[PDB]
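Descriptive analysis of the structure
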Amino acid sequence: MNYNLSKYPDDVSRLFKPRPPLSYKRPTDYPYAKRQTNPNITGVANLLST
RNA sequence: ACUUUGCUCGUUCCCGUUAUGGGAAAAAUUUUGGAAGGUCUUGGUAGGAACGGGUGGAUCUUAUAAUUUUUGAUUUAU
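These lines cover the structure that appears in this document, whether it is placed above or below.

What counts as what
- Residues numbered from 1 in each chain as written, not as in the entry; some residues may be left out.
- Chains lettered and ligands numbered in written order.
- Part of a larger assembly, values for the part shown.
- Heavy atoms only, no water.
- Residues with missing side-chain atoms left out of burial classes, pairs and counts.
- Helix = DSSP H or I, 4+ residues; strand = E, 2+ residues; numbered from the N terminus.
- Rg over C-alpha atoms; globule rule 2.2 N^0.38 Å.
- Near = heavy atom within 4 Å.
- Polar contact = N/O pair within 3.5 Å; in protein donor to acceptor, adjacent residues only side chain to side chain.

Structural notes on the overall build of chain A
Secondary structure assignment for chain A yields 2 helices and 0 strands. For 50 residues, the compact-globule estimate of 2.2 N^0.38 gives 10 Å, and chain A exceeds it by more than 25% at 27 Å. Seen through its C-alpha atoms, chain A measures out along the principal axes to roughly 80 × 25 × 15 Å.

Okay, structure coming up:
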């Protein structure tokens, strides 16, 4: 926070001092490329006989 | 159901009589509604009503199931 990209003066921009940076935690879900619903939706015609 | 008729019973009063009948009505009792008064409690005490609009904001319907939120690609799959 050496500099100010905001419209306010320096004293006002020191008031908007943020929290410390967020810690890192390993993910528990699926990575974005591996997301899909169900593929291999099986066919509907097998029902129709039996 | 309405109208007339005598008989039997009946809440209360009177009479013919206390077998029973005739007449009157809640005027005695209760429940329901309202007015007034008493007692106890609980809350308020500076705004309120009526009218009004090229007034703000909520909710609802329709555009709107077509890439930026709600009409399915995060049950890890073959």
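Digging into the protein's contact with RNA strand B
RNA strand B sits among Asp29, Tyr30, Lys34, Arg35, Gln36, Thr37, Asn38, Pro39 and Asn40. Among all atoms of RNA strand B positioned within 4 Å of the protein, those belonging to sugar or phosphate total 41%. Contact distances for RNA strand B include 3.3 Å between a base oxygen and a backbone N or O atom of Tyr30. For RNA strand B, a base nitrogen lies 2.8 Å from a polar atom in the backbone of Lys34.

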